[PDB]
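Notes to accompany the following structure.
Because the Cβ atoms are built from the backbone with ideal geometry, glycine has one as well, and the counts that use them run over all protein chains shown. Every number in this text was worked out from the coordinates using simple rules, so none of it is lab data.
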Amino acid sequence: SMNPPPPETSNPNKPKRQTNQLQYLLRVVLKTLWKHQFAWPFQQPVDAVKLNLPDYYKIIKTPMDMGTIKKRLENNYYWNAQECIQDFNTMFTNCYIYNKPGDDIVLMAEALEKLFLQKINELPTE
Ligand SMILES: CC(=O)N1c2ccc(C(N)=O)cc2[C@H](Nc2ncc(Cl)cn2)C[C@@H]1C
């Protein structure tokens, strides 16, 4: 079975927390990015089988996607904002590592990342 298991969105052994920053990441940051015209490739784990990209998970060993981030936030999976911001950064970095510059998916990621950075700049104080 060529796809790996997706990243966990819950873990009963991982301490859970709600902070005003994590509330902002779900209510403002994720919601803004999720509805974007370019969001759809990022809304679920890369299906490297269906995309016929057998090398994707040979190259990308820390996969991440906004579907996973959305469920982690809804589940209060995170302890802090940094864990969630790290997942967004991983999602973007994976896209830039795997794909060639100028690819449609790269321009799409760049547009979402510019919007992500705008919203992260307005992160409230804890
Ligand atoms: C996120 C990422 O790097 N990739 C990805 C993931 C999911 C989906 C998809 N079809 O859901 C598609 C892609 C990318 N392919 C693509 N082709 C055309 C357009 Cl208009 C947008 N993307 C490749 C890449 C592995």
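The condition of being among the hydrophobic types (A, V, I, L, M, F, W, C), part of a helix (DSSP H, G or I) and closer than 18 Å to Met108 by Cβ holds for only one of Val29, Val46, that being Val29.
Is there a residue being in a loop (DSSP other than H, G, I, E, B), of a type in the set (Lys, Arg), more than 15 Å from the ligand (Cβ to nearest atom) and more than 24 Å from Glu113 (Cβ to Cβ) anywhere in the range 33-42? Within the range 33-42 (the criterion being in a loop (DSSP other than H, G, I, E, B), of a type in the set (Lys, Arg), more than 15 Å from the ligand (Cβ to nearest atom) and more than 24 Å from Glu113 (Cβ to Cβ)), the answer is no, since none of the residues qualifies.
When you check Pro12 against the structure, is it within 15 Å of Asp87 (Cα to Cα) and not acidic (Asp, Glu), yes or no? No. The residues of the range 50-69 that are outside any loop (DSSP other than H, G, I, E, B) and within 9 Å of the ligand (Cβ to nearest atom) amount to a single one, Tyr56. For the range 74-126, the candidate set comprises residues that are within 12 Å of the ligand (Cβ to nearest atom) and touching a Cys at 6+ places or on another chain (Cβ under 7 Å); within that set, the residue that is nearest to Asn52 (Cα to Cα) is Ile105. Of the listed requirements (1) touching a helix residue (DSSP H, G or I) at 6+ places or on another chain (Cβ under 6 Å); (2) within 16 Å of the ligand (Cβ to nearest atom); (3) part of a helix (DSSP H, G or I), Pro4 misses just one: (3).
If I ask for residues that are surrounded by 11 or more Cβ atoms within 10 Å (Cβ to Cβ) and of a type in the set (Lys, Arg), which ones from the range 12-63 would you list? Answer for the range 12-63, where residues must be surrounded by 11 or more Cβ atoms within 10 Å (Cβ to Cβ) and of a type in the set (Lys, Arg): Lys14, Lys16, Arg17, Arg27, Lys31. Taken over the range 68-103, residues that are of a type in the set (D, E, K, R) and in contact with a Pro (Cβ under 9 Å, 6 or more places away or on another chain) amount to 2. Under 6 Å by Cβ, and 6 or more places apart or on different chains, what pairs join a residue from the range 79-92 that is under 21 Å from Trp40 (Cβ atoms) with one that is in a helix (DSSP H, G or I)? Qualifying pairs under 6 Å: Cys84/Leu25; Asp87/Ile69; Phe88/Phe116; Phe92/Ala109; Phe92/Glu113.
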